[PDB]
Every structure is written in C-alpha cells, then in structure tokens.
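> Before we start, here is the structure in question, set down as structure tokens.
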Amino acid sequence: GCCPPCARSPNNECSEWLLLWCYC
C-alpha cells in the first residue's frame with residue numbers, strides 16, 4: 001500500500017526505489 005514517509009527524508013534517498021513501495 002502506501003509506504004511509510006520515506007521520501008520526506010533528505011538524508012534517505014530511498015525516494016529512488018520508494019516508487020515501487022508507493023505512489024499514493
């Protein structure tokens with residue numbers, strides 16, 4: 001479902017792969 005707030009963390013570039021975890 002909707003990934004935990006990961007992309008809001010500038011230190012955590014997870015936003016790259018996070019798109020597979022969530023898009024909502």
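By order of appearance in the structure tokens: chains A, B, ..., then residues from 1 within every chain, and ligands from 1 in the order shown.
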Please list as a PyMOL selection string every residue within 10 Å of residue 23 (chain A), counting only C-alpha atoms and excluding residues in the same chain fewer than 4 positions away.

chain A and resi 1-3+18-19

> Once you have the residues from the selection above, write them out as a PDB file, in the first residue's frame, restricted to N, CA, C and O atoms.


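Once written, again12.pdb looks like this:
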ATOM      1  N   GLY A   1       0.831  -1.230   0.000  1.00  0.00           N
ATOM      2  CA  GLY A   1       0.000   0.000   0.000  1.00  0.00           C
ATOM      3  C   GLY A   1       0.847   1.253   0.000  1.00  0.00           C
ATOM      4  O   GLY A   1       1.835   1.336  -0.727  1.00  0.00           O
ATOM      5  N   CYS A   2       0.472   2.228   0.811  1.00  0.00           N
ATOM      6  CA  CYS A   2       1.220   3.469   0.899  1.00  0.00           C
ATOM      7  C   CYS A   2       2.400   3.327   1.853  1.00  0.00           C
ATOM      8  O   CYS A   2       2.223   3.270   3.071  1.00  0.00           O
ATOM      9  N   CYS A   3       3.592   3.194   1.271  1.00  0.00           N
ATOM     10  CA  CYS A   3       4.858   3.248   2.000  1.00  0.00           C
ATOM     11  C   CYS A   3       4.844   4.277   3.138  1.00  0.00           C
ATOM     12  O   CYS A   3       4.179   5.316   3.051  1.00  0.00           O
ATOM     13  N   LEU A  18      11.644   3.915  -3.750  1.00  0.00           N
ATOM     14  CA  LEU A  18      10.401   4.016  -2.986  1.00  0.00           C
ATOM     15  C   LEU A  18       9.171   3.978  -3.891  1.00  0.00           C
ATOM     16  O   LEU A  18       8.071   3.662  -3.443  1.00  0.00           O
ATOM     17  N   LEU A  19       9.368   4.286  -5.165  1.00  0.00           N
ATOM     18  CA  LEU A  19       8.278   4.350  -6.125  1.00  0.00           C
ATOM     19  C   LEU A  19       7.618   2.984  -6.323  1.00  0.00           C
ATOM     20  O   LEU A  19       6.479   2.894  -6.786  1.00  0.00           O
TER      21      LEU A  19
END

> Hey, what's within 12 Å of residue 21 (chain A) if we count only C-alpha atoms and toss same-chain stuff fewer than 5 positions away? As a list in words, please?

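So the residues in contact are residues 1, 2, 3, 4, 5, 6, 7, 14, 15 and 16 of chain A.
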